[PDB]
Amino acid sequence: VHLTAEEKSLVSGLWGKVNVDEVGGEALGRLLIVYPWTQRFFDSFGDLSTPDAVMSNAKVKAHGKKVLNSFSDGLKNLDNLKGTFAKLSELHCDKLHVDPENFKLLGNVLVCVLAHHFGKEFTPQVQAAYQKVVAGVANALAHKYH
């Protein structure tokens, strides 16, 4: 994870306008819809069968807010993502056995959700900075596999 000073400003600047109550649920919801096999991990969330069901599922919205909060923690500790996500790495790998490739998929749909919400403010430069952050988080989460 590098993030030159300009990149850090681009990242933090945009993140201050993010509605963390909405974005998290939207990103998790789309993951469940676009990549169907991920639903296997959320058996306990109830009805996920259709796009509408996923998008109105209260557990999806609530867990999404939690996933988003973790990202906000990683953004404040960008230079020690590893330590910040050490405990969550153990969870996803040890107890959940989620293949790491899925970390990258969630990171990518999060990027699509941000683009969807910010329109042209999400410039090619802003996206590039976020691609670095998202790859950094996926990496830190996959650590307990390295």
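In this text, residue numbers run from 1 along the sequence as written.
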* To do: Please work out which of 75-83 and 32-40 has the higher mean CA B-factor as recorded in the PDB entry.
  => 75-83
* Comparing 131-139 with 19-27, where is the mean C-alpha B-factor higher? -> 19-27
* Out of 54, 93, 114, 105, residue topping the C-alpha B-factor column of the entry -> 93
* Position of residue 88 among the chain's modelled residues by C-alpha B-factor, lowest, middle or highest third -> highest
* Structure fact -> Sorting the chain's modelled residues by C-alpha B-factor and splitting them into thirds places residue 98 in the highest
